[PDB]
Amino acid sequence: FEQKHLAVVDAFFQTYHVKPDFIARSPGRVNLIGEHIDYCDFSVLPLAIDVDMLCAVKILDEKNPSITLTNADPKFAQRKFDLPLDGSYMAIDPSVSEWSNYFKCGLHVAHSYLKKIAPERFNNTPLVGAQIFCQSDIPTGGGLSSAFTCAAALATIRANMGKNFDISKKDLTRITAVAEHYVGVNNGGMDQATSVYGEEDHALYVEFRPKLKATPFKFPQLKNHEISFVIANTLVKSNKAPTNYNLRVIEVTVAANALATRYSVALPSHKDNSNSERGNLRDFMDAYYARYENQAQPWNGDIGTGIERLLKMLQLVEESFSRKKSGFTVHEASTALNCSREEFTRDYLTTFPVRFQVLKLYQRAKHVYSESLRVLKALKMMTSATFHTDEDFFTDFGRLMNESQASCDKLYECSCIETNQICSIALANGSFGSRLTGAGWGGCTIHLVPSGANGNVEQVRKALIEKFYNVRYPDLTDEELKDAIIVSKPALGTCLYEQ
């Protein structure tokens, strides 16, 4: 925690032989509830975690500004580059796995912000030079790309505007979320918003309509436990199909349109932000309410209205699709959309490769609406629910995580054997709730585990090491094993520490 902050200052001094002017820090992130619903515009529940990227910076006074980047990790070699004298953006090429790319993204988005607020200073002049020491303990799955981008953007703003300049969380989130198109990631700004808005003891309600937005919600005060989460990687690379993500995108879009057709409503064009180009399952929920519930206004994120309308949606899903759980062939789907096979193929099967015999409209729609509902039930538990013992909190919240896992697996089919093994082991050995998190088909898992003296952290971690990692991956080094399992409480978002 504070130990880490000193280590980075001290290593900066070893490297550059001068005290740094400041440190910029930004935390990793993980999603606690709400998987595979963001591209239907539904809100998710992430948290910032206590692994981070730390960037110690000395600001330079140079005729020709340059930036030097050194990393604590020996495998990431030192980088040095000159800032363009004309004030133009640095050249970045994302056809490389270069460790400094994320810094360059941050530098870039900060630069364009600075050009906006102070044109006469930054339009035709380079930014200031710097010596930078970077140190991260964020493992795979913990969102290094957004943390580094955010720390780098704040460091650039601080270096060029001085310590008495403040950028709001709202602006820092907006400008860094643009970096998704430099990184090759599509979480709609959720990663950046979490790294920026994180607070200790809080998860974030992250929304996308009408705008990317984050609202902190504080976990209940417990009598004598602490809330922690164990995050365990399957070590199956999620990033690595026509049967997976592309297929899901088609299925939920077809589902939204099958519902729209069945209930005779149109999906209104997006007038604001959206994580989809076309009408989606949230749009259907709004269109349905507007027509059948007396000009009901579109859902704008309050918990009570959300719960009521999502429960209604699950009813419409039973009514519309429950007699077709074996899925829809292209022919049956065309009929459900009141269009020809040619129209269907044109609209849904053209751009991206997909592989399927049937489209599982029942399952995919049921997942999205029920998973979106669990986000709201989680919020309700955190805020207004009463628990007569700490155990009741862990049991009820954990049960939502388990119900989420069961849905992701059985309804969305985005789990894998490694995920299920880890979850089962964790639950038999101290976890109250266990689920995949992230892109699915591999990647990370997250576990609700009481921490402290009366907690289960070491019990869960020991069982996972012995029953999963030692079995499936005998040759992992100590370092790899350390990265594979981390323990975290909710953490504070992007910030500066003056030095």
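In case it trips you up, residue 1 is the first one in the sequence shown, and so on.
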item: Chain break class at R346/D347 - deposited residues not modelled; value: none
item: Greater mean Cα temperature factor according to the PDB record, 213-221 or 190-198; value: 213-221
item: Which of 174-182 and 74-82 has higher mean CA B factor, as the PDB entry lists it; value: 74-82
item: Candidate residues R364, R341, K169, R291, the one whose C-alpha B factor the record puts highest; value: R341
item: Options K377, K360, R309, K116 - largest CA temperature factor per the record; value: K116
item: Where the record places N429 (Cα B-factor, split into thirds across the chain); value: middle
item: Entry-reported Cα temperature factor of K163, expressed as the chain third it lands in; value: highest
item: Chain third (lowest, middle, highest) by recorded CA B-factor, residue given as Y263; value: middle
item: Ranked C-alpha temperature factor of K467 among modelled chain residues, by third; value: middle
item: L476 CA temperature factor, ranked by third within the chain; value: highest
